[PDB]
Amino acid sequence: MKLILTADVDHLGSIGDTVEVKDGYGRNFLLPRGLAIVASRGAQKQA
Amino acid sequence: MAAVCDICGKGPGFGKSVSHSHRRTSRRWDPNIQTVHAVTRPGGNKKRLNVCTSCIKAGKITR
RNA sequence: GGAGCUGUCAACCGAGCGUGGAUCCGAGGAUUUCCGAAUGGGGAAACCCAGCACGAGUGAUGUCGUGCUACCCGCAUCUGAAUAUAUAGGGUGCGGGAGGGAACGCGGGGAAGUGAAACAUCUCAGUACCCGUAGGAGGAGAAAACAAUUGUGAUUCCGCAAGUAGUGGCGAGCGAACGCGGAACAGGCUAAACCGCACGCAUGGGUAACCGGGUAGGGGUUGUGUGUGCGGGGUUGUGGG
RNA sequence: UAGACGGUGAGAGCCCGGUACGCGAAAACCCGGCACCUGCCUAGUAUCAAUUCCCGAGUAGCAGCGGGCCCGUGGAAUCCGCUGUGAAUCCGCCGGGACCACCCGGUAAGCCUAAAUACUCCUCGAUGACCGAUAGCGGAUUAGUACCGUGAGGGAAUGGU
RNA sequence: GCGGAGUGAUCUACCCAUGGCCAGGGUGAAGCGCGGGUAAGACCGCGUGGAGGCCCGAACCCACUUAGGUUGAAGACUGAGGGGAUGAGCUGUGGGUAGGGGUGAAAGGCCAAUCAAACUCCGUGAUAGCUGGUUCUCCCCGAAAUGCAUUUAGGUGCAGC
RNA sequence: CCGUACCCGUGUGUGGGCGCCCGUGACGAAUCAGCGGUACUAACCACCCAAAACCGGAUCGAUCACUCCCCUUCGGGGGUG
RNA sequence: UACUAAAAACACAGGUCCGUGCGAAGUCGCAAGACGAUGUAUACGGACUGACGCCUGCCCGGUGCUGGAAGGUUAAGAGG
RNA sequence: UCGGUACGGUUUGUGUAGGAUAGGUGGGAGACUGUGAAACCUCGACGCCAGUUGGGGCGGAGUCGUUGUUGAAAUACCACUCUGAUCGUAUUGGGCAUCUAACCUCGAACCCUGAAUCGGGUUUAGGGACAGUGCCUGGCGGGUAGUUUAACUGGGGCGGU
RNA sequence: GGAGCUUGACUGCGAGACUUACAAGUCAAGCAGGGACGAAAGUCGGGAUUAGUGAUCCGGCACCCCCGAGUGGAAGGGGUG
């Protein structure tokens, strides 16, 4: 699943390349950091 | 826990534990309840939710 | 309505009323202590003891009469901590529920004795019982339905299908629907799409390609998306928007 | 239109209350009757290639364990639960008893929806090849009484000048 | 007897909180001082002391023998002798623990006069191959107690009669 | 009830004392120049805590090739190294 | 052992053994939560024994319980 | 790290055929002149100065089919070599880890609780991907639960049938 | 007792009777197929006879256009052994 970063991280990468999260490592780590989104209407606001 | 999920309205499930000789006695199936900490938004106080796992992944999502 | 009446066991003494309409009968109102969900707090239910506010009373407290004061959830409003955001909570003001009733309903839990000539699967039985929850009925209900070629066309209910097919330590037993005959017969609203306003993040820090729509100007202008809030739109299987 | 029934000193259509039938009402509740208030549409319905989007998501599916169904997991579909994994939007999914191909039926993961159905605490009306005081309600008689038990509970008897 | 739901710690078992009570004598521990003994202290003799799950023995608590009671005065008692009696004592009040559970200095004892699972209402009119009972008359006919099988031998199915 | 009391509160009058109040007294707070206790801390260290790759000092079996000799039943036993 | 048994039974103080390192182990509930204990290995739980004196001989095979990786077997899962 | 599997590459055994000992090979009988240079000490997964395949470089113009006297050997062009060592783009079971951000804390402080050793929130310290818990699961389990534990018979039992 | 050659240690059957509580058991002339032995007649559907075995339900292994849950299949069932 691709998603929409805010800061460059050694797993996720840039903002908008190809996201390969580990299934929980996002909402327990990333989404508290305010650096990642579970994509709902984000594949075009990313643009 | 053996609990019941909050948002999902999920709850236990009864039935039977049928051993080989078919002696069926009552065991209960439980939802997979974890005590997550659910901020309203970034900055809330994340109280506590005995919520299932089918409502950690998708459905309600905070942590 | 019309001549008595003063409920009765239980008929005794009183002392009264009634033809100006009594007792009596119907409907509506007022009063409706105390307990009881009982709810100001407490309590061996039917009692103990209060707060505030009116309103009496005494020379003055004590006393008395009336009203509210429980809790919870929902909402409106100020509020908002540790900590700033901000919630958690915290006052305020209206709205609600609570508890019962013989059964009938739906959802969940759910025995045992018994039968099986023992017994464990199975039965008994989804029974008794237990919990949740409403109703004048409930539930179900409008095809992701059966049917198998002629198909029917929501659900529910009654008679058959049928003790049938089946299913059963194929034991004791359990047992449909297809389908017909009938009671009755009712279908609808939504979300999703998109179009429209609004807030808040992104976007423009504007040249934005868009200003009800067509050409030429035209202020250079907020064109353009997002997290929702609301208004239309849409409701279908001969597929439909 | 009255010979229902019951009473009166016996067995009453004609003595009485009544019945048959007819009147019957303020107010209440309720049936319902008309006007007011509110609720729409200021055509895209048609036909059109089909350029595109949508048609209910941790849901359906699949695997694990159970429930339920005539179906005792058997080979079982359909449906329901809990756990993993986990979809599409019509050239999609679903069903047609494993499953597969063709052929049919329908479009689940929103909700709502009267009737016929059962029910009896309650009031009215009625009846009985129902009982008639050891019966019939436990209860005709102060009845859930007296008494019994700490309590939950049990629980009578008792009619006739 | 089995299950569901309750009711019971007013008796009894244990515990918790707070109170009460135990005549009368006797024995004389630790300790302290004295005469000391002993380089010292151990020990003796003194006085004082007042200790004990100490002694005897009233209340109070139990209940050992025995006679009496035995359709008792009493559903567990009475008379005489008994054990305990400052304690692991008795007792009061109030409270707590509950049925496959409580509590138990343990006996399977007590849990409201019947506890190897209380009591009550319900399933329920449980169920028994076992026992008892089954009510009026006559007329005709009229057996069997054997075979086989059996978780069967006091039942039953079939046959025989 | 009699006699004599005690307690909790209330009303009216009287004495003086106190003190709010103008009137005296106990003191005591402000920013500014000086300086201190060193409390406190952008570096580091006195002491000592503790542990690192990496060189490693004793531990040994139920570990793998050595076989240095044992009986074998195709299988094992001592001991540095 | 109310209500036929008061005893050689039960308890005991003493002795070991086993467990428990601390929201203990054990126990009551499903859980929270309790007691254990506002205790803490000289403490708490369990089992046997039963003041004191002399002592408590032999056996690790059976079964517990205790610590041990050559392994074999090994069920849902992975897998194909 | 053990080690994996798809793979984008340098590309593997002194057994016979010996300049020459390349799982199979092969659109072809060099990828035209168009290759990692037969010059030196050459010493590597083979190490056997022999190597068709060869490690640090060559008289900056030639290991050639068709100078093969061998399976046609000139296959770093078709098999982009089995591709042994793997050279790194992925996946990714285990082995061991360090970390914190889920989660767990009767460890700490504060806040509405000051009416509080329950709660809840915040920072804090510690664990920490563990336990716990859910679904699946092997074992074990008189700890509880339902039940079985036959008959014959010269009473029953023991014996036997 | 021996010697030869062989598989009838058969497929479809069966009038009839023995016995039988029922279930089960036993014999069976003869009929046809296709065989053995015999020159033929004939005998052979196990052993001189009577024991050497177990019902049912349920699974298994093969042959058969028997059925096949919309139809073609199929799984599953079914008959035979």
# chains A, B, ... in the order shown; residues from 1 in each chain; ligands from 1
>>> select_by_dssp(residues="chain B", states="strand (DSSP E or B)", output="ChimeraX atom specification")
/B:13,17-18,24-25,29,34-36,49-51
>>> residues_around(residues="region 14-26 of chain A", least_positions_apart="2", cutoff="6 Å", atoms="only C-alpha atoms (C1' of nucleotides)", output="list in words")
residues 1, 2, 3, 4, 5, 8, 12, 28, 29 and 30 of chain A
>>> write_last_selection(atoms="N, CA and C atoms", output="PDB file, in the first residue's frame")
ATOM      1  N   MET A   1       0.821  -1.202   0.000  1.00  0.00           N
ATOM      2  CA  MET A   1       0.000   0.000   0.000  1.00  0.00           C
ATOM      3  C   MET A   1       0.859   1.257   0.000  1.00  0.00           C
ATOM      4  N   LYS A   2       0.661   2.102  -1.006  1.00  0.00           N
ATOM      5  CA  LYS A   2       1.326   3.394  -1.064  1.00  0.00           C
ATOM      6  C   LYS A   2       0.633   4.386  -0.132  1.00  0.00           C
ATOM      7  N   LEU A   3       1.419   5.246   0.513  1.00  0.00           N
ATOM      8  CA  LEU A   3       0.864   6.321   1.327  1.00  0.00           C
ATOM      9  C   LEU A   3       1.748   7.558   1.168  1.00  0.00           C
ATOM     10  N   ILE A   4       1.500   8.551   2.023  1.00  0.00           N
ATOM     11  CA  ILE A   4       1.844   9.948   1.768  1.00  0.00           C
ATOM     12  C   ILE A   4       2.615  10.429   2.990  1.00  0.00           C
ATOM     13  N   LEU A   5       3.936  10.517   2.874  1.00  0.00           N
ATOM     14  CA  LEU A   5       4.775  10.787   4.034  1.00  0.00           C
ATOM     15  C   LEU A   5       4.750  12.270   4.401  1.00  0.00           C
ATOM     16  N   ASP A   8      11.327  12.010   5.608  1.00  0.00           N
ATOM     17  CA  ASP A   8      12.033  10.880   5.010  1.00  0.00           C
ATOM     18  C   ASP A   8      12.533   9.917   6.082  1.00  0.00           C
ATOM     19  N   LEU A  12      10.042   4.122   4.790  1.00  0.00           N
ATOM     20  CA  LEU A  12       9.007   4.649   3.912  1.00  0.00           C
ATOM     21  C   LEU A  12       9.590   5.422   2.744  1.00  0.00           C
ATOM     22  N   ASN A  28       0.887   2.612  14.933  1.00  0.00           N
ATOM     23  CA  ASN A  28       1.479   2.605  16.263  1.00  0.00           C
ATOM     24  C   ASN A  28       2.738   3.444  16.356  1.00  0.00           C
ATOM     25  N   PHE A  29       3.397   3.692  15.230  1.00  0.00           N
ATOM     26  CA  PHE A  29       4.614   4.488  15.165  1.00  0.00           C
ATOM     27  C   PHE A  29       4.422   5.759  14.360  1.00  0.00           C
ATOM     28  N   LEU A  30       3.941   5.645  13.121  1.00  0.00           N
ATOM     29  CA  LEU A  30       3.955   6.754  12.171  1.00  0.00           C
ATOM     30  C   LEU A  30       2.866   7.768  12.472  1.00  0.00           C
TER      31      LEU A  30
END
>>> interface_residues(of="chain C", to="chain A", cutoff="10 Å", atoms="only C-alpha atoms (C1' of nucleotides)", output="list in words")
residues 202, 203, 225, 226 and 227 of chain C
>>> write_last_selection(atoms="C-alpha atoms (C1' of nucleotides)", output="PDB file, in the first residue's frame")
ATOM      1  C1'   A C 202      -3.731  21.902   1.408  1.00  0.00           C
ATOM      2  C1'   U C 203      -3.092  24.549  -2.011  1.00  0.00           C
ATOM      3  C1'   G C 225      -8.526  19.637  -3.919  1.00  0.00           C
ATOM      4  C1'   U C 226      -8.838  17.663   0.664  1.00  0.00           C
ATOM      5  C1'   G C 227     -11.380  15.833   6.680  1.00  0.00           C
TER       6        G C 227
END
>>> residues_around(residues="residue 240 (chain C)", least_positions_apart="5", cutoff="12 Å", atoms="only C-alpha atoms (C1' of nucleotides)", output="ChimeraX atom specification")
/C:193,234-235 /D:54-55,90,107
>>> residues_around(residues="residue 31 (chain G)", least_positions_apart="2", cutoff="12 Å", atoms="only C-alpha atoms (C1' of nucleotides)", output="PyMOL selection string")
(chain B and resi 1-3) or (chain G and resi 29+33)
>>> write_last_selection(atoms="N, CA and C atoms (P, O5', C5', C4', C3', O3' and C1' of nucleotides)", output="PDB file, in the first residue's frame")
ATOM      1  N   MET B   1      -8.080  -9.797  26.797  1.00  0.00           N
ATOM      2  CA  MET B   1      -9.119 -10.142  27.755  1.00  0.00           C
ATOM      3  C   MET B   1     -10.158 -11.033  27.108  1.00  0.00           C
ATOM      4  N   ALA B   2     -11.106 -11.505  27.918  1.00  0.00           N
ATOM      5  CA  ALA B   2     -12.289 -12.214  27.447  1.00  0.00           C
ATOM      6  C   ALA B   2     -13.427 -11.265  27.074  1.00  0.00           C
ATOM      7  N   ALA B   3     -13.128  -9.982  26.880  1.00  0.00           N
ATOM      8  CA  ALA B   3     -14.137  -8.937  26.912  1.00  0.00           C
ATOM      9  C   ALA B   3     -14.946  -8.857  25.623  1.00  0.00           C
TER      10      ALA B   3
ATOM     11  P     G G  29     -14.527 -19.954  44.030  1.00  0.00           P
ATOM     12  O5'   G G  29     -15.283 -18.652  43.525  1.00  0.00           O
ATOM     13  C5'   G G  29     -15.739 -18.549  42.187  1.00  0.00           C
ATOM     14  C4'   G G  29     -15.506 -17.167  41.624  1.00  0.00           C
ATOM     15  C3'   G G  29     -14.946 -17.109  40.216  1.00  0.00           C
ATOM     16  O3'   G G  29     -15.890 -17.374  39.207  1.00  0.00           O
ATOM     17  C1'   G G  29     -13.715 -15.653  41.564  1.00  0.00           C
ATOM     18  P     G G  33      -6.973  -5.354  39.880  1.00  0.00           P
ATOM     19  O5'   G G  33      -7.638  -5.669  41.279  1.00  0.00           O
ATOM     20  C5'   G G  33      -8.667  -4.829  41.756  1.00  0.00           C
ATOM     21  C4'   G G  33      -9.472  -5.494  42.830  1.00  0.00           C
ATOM     22  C3'   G G  33      -8.669  -6.031  43.979  1.00  0.00           C
ATOM     23  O3'   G G  33      -8.220  -5.004  44.841  1.00  0.00           O
ATOM     24  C1'   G G  33     -10.243  -7.636  43.333  1.00  0.00           C
TER      25        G G  33
END
>>> residues_around(residues="residue 20 (chain I)", least_positions_apart="4", cutoff="12 Å", atoms="only C-alpha atoms (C1' of nucleotides)", output="list in words")
residues 147, 148 and 159 of chain E; 24, 25 and 26 of chain I
>>> write_last_selection(atoms="N, CA, C and O atoms (P, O5', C5', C4', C3', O3' and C1' of nucleotides)", output="PDB file, in the first residue's frame")
ATOM      1  P     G E 147     -37.776 -75.680  29.219  1.00  0.00           P
ATOM      2  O5'   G E 147     -37.746 -75.538  27.641  1.00  0.00           O
ATOM      3  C5'   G E 147     -37.999 -76.655  26.810  1.00  0.00           C
ATOM      4  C4'   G E 147     -38.101 -76.266  25.359  1.00  0.00           C
ATOM      5  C3'   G E 147     -37.134 -75.206  24.893  1.00  0.00           C
ATOM      6  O3'   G E 147     -35.848 -75.709  24.648  1.00  0.00           O
ATOM      7  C1'   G E 147     -39.272 -74.681  24.102  1.00  0.00           C
ATOM      8  P     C E 148     -34.594 -74.964  25.290  1.00  0.00           P
ATOM      9  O5'   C E 148     -34.240 -73.842  24.226  1.00  0.00           O
ATOM     10  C5'   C E 148     -34.277 -74.116  22.836  1.00  0.00           C
ATOM     11  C4'   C E 148     -34.346 -72.846  22.031  1.00  0.00           C
ATOM     12  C3'   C E 148     -33.472 -71.710  22.521  1.00  0.00           C
ATOM     13  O3'   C E 148     -32.121 -71.824  22.137  1.00  0.00           O
ATOM     14  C1'   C E 148     -35.623 -70.892  22.073  1.00  0.00           C
ATOM     15  P     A E 159     -46.162 -66.041  18.337  1.00  0.00           P
ATOM     16  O5'   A E 159     -46.019 -67.618  18.359  1.00  0.00           O
ATOM     17  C5'   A E 159     -45.397 -68.298  17.287  1.00  0.00           C
ATOM     18  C4'   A E 159     -44.680 -69.533  17.756  1.00  0.00           C
ATOM     19  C3'   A E 159     -45.519 -70.569  18.460  1.00  0.00           C
ATOM     20  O3'   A E 159     -46.273 -71.364  17.582  1.00  0.00           O
ATOM     21  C1'   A E 159     -43.545 -70.235  19.661  1.00  0.00           C
TER      22        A E 159
ATOM     23  P     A I  24     -32.111 -65.679   7.750  1.00  0.00           P
ATOM     24  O5'   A I  24     -31.105 -66.724   8.394  1.00  0.00           O
ATOM     25  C5'   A I  24     -29.733 -66.398   8.556  1.00  0.00           C
ATOM     26  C4'   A I  24     -29.066 -67.301   9.557  1.00  0.00           C
ATOM     27  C3'   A I  24     -28.664 -68.660   9.033  1.00  0.00           C
ATOM     28  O3'   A I  24     -27.466 -68.656   8.294  1.00  0.00           O
ATOM     29  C1'   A I  24     -29.875 -68.964  10.996  1.00  0.00           C
ATOM     30  P     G I  25     -27.427 -69.443   6.904  1.00  0.00           P
ATOM     31  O5'   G I  25     -27.434 -70.962   7.361  1.00  0.00           O
ATOM     32  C5'   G I  25     -26.520 -71.386   8.349  1.00  0.00           C
ATOM     33  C4'   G I  25     -26.875 -72.723   8.931  1.00  0.00           C
ATOM     34  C3'   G I  25     -26.888 -73.885   7.977  1.00  0.00           C
ATOM     35  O3'   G I  25     -25.595 -74.326   7.653  1.00  0.00           O
ATOM     36  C1'   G I  25     -28.760 -74.013   9.376  1.00  0.00           C
ATOM     37  P     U I  26     -25.222 -74.560   6.121  1.00  0.00           P
ATOM     38  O5'   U I  26     -25.900 -75.962   5.813  1.00  0.00           O
ATOM     39  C5'   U I  26     -25.818 -77.007   6.766  1.00  0.00           C
ATOM     40  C4'   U I  26     -26.596 -78.213   6.340  1.00  0.00           C
ATOM     41  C3'   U I  26     -26.648 -78.486   4.852  1.00  0.00           C
ATOM     42  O3'   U I  26     -25.470 -79.085   4.348  1.00  0.00           O
ATOM     43  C1'   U I  26     -28.796 -78.728   5.776  1.00  0.00           C
TER      44        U I  26
END
>>> interface_residues(of="chain C", to="chain B", cutoff="12 Å", atoms="only C-alpha atoms (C1' of nucleotides)", output="ChimeraX atom specification")
/C:82-88,108-111,120-122,169,227
>>> residues_around(residues="residue 52 (chain G)", least_positions_apart="2", cutoff="12 Å", atoms="only C-alpha atoms (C1' of nucleotides)", output="number ranges by chain")
G: 13-14, 50, 54
>>> select_by_dssp(residues="chain A", states="helix (DSSP H, G or I)", output="PyMOL selection string")
chain A and resi 26-30
